[PDB]
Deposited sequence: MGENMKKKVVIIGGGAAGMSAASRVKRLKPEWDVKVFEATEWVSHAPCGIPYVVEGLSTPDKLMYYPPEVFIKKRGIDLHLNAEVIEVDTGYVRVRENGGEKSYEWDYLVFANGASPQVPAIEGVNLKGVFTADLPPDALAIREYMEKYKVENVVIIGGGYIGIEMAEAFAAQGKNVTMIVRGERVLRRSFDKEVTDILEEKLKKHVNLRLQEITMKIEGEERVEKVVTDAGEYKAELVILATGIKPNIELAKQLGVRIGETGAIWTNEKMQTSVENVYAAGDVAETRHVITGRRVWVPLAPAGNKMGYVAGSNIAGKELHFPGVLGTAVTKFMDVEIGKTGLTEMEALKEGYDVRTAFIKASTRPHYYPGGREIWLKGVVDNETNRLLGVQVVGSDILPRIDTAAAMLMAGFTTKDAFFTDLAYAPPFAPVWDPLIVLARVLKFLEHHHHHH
């Protein structure tokens, strides 16, 4: 029998789920309901759209007709799913009902709303979806901005901060405690991003935002600490998964806050799946259920969800917590457990923090790179690697493979990594790190 598949949300995870199902089952009716004008879009591009490095149409991978005419997917744009119950969906010109044999929550995560005064003032913005990027640029046109404040010291906030310093503004970051990205990175890595950050940005640590002032336009921001002139505000205080439709069916919600899924991306409710930013996943090292709202996993989850619906078993092994960002000259990145995390999990750990060069001592253009590694004292296995400086991608990606596989410090050392003078030093920083840790054996 043909079967009716319904997908809520037309982002990365949603279309990956949509494509996969139709690809495997062309005779099946695959509907996607997206609330906005946007499909196959990238929230990752926003900062760079706003910076103006590029345009907002380039936050699409594929246009609608590629999905409808070229891939046979019944794509409903401007369509908001408002209710769900067993076997039925309710959507909004018009408010119609649809039946499903399978359901995918490819539903994403909306930004967290801190309840303080002036949050609703023309002038205050939160960066999540592509319509937000156009709204900020449509604003900087209708008004004249020179002072910008950013509440949040995470990555979303840093990328937005950079997106304004490049446009030559007086930017102020207000983070709620002792360091930037304290939740995800360790101090000795975070310090090196901050040296560069302090300089190009008014970094205000250990502060809480109290109110936002203005008329109908924003004009000032007050914190427990001091006042700052501001004509535009970005709020990046974290995000939370859109779980409100999920509960509508008493789908299990994870310790994490996101929708509980298994290896097949199935939920606690039969024929109901979940993928992307709404979905809680598994950690590859730890085995703990964890929430890591990032793009590559989002897509893979959609791919995995699509496959199981179309009746070919596939497992998603989980995630490593691999992530990477940048402030100007400085590349920041991790994969696996941070020292803090590894401690929280009750591991017995040793660590190492080294500096190296990015090129051999002869070939020019050699820049600095720092690496912190975390190792389990009992097994010698790597638990995580953090890298900062220049040219950190080969290291992070490489270490991610090694972790996936459960490499030891010794396994890493003898791995045949490449060397040429225009590429890396003789002793690759990753294998240097792995040597400084040592291979202990009772």
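Chemist: No C-alpha coordinates means not modelled. Give me those stretches of the deposited sequence in order.
Modeler: No C-alpha coordinates exist for 1-4, 97-98, 449-453.
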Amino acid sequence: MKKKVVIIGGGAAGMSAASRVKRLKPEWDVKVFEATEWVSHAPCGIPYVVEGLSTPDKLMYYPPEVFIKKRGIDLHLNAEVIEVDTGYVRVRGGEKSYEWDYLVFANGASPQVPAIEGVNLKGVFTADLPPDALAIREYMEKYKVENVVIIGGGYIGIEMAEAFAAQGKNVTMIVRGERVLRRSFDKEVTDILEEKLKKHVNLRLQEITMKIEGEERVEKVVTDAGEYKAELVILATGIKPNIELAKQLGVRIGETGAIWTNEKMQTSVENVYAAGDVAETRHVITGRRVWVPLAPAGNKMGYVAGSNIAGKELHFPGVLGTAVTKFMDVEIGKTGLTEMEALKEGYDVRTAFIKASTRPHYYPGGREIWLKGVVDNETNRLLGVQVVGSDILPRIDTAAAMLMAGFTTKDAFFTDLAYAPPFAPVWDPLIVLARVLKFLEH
From here on, numbers count along this sequence of modelled residues.
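Chemist: Name the higher of the two by mean Cα B-factor in the PDB entry, 301-309 versus 132-140.
Modeler: Averaged over C-alpha atoms, the B-factors run higher in 132-140.
Chemist: Which has the higher mean CA temperature factor in the PDB entry, 273-281 or 70-78?
Modeler: The deposited B-factors put 70-78 ahead on the C-alpha mean.
Chemist: In terms of CA temperature factor as recorded, identify the highest of 326, 264, 199, 240.
Modeler: The C-alpha B-factor peaks, among 326, 264, 199, 240, at 199.
Chemist: For the C-alpha B-factor as written in the entry, point me to the maximum among 366, 321, 226, 293.
Modeler: Largest recorded C-alpha B-factor: 226.
Chemist: So where's residue 34 on the chain's Cα temperature factor ranking, which third?
Modeler: For residue 34, whose C-alpha B-factor we compare with every modelled residue in the chain, the answer is the middle third.
Chemist: Name the third of the chain's ranked CA B-factors that contains residue 353, choosing lowest, middle or highest.
Modeler: Ranked within chain, residue 353 CA B lands in the lowest tercile.
Chemist: Please place residue 362 in the lowest, middle or highest third of its chain by C-alpha B factor as given in the entry.
Modeler: Tercile = middle for this residue's CA B-factor.
Chemist: Residue 347's Cα B-factor: lowest, middle or highest third of the chain?
Modeler: Its C-alpha B-factor, which the entry lists for residue 347, ranks in the lowest third among residues of this chain.
Chemist: Lowest, middle or highest third: where is residue 379 by Cα B-factor in its chain?
Modeler: Answer is lowest: the recorded C-alpha B-factor places it there.
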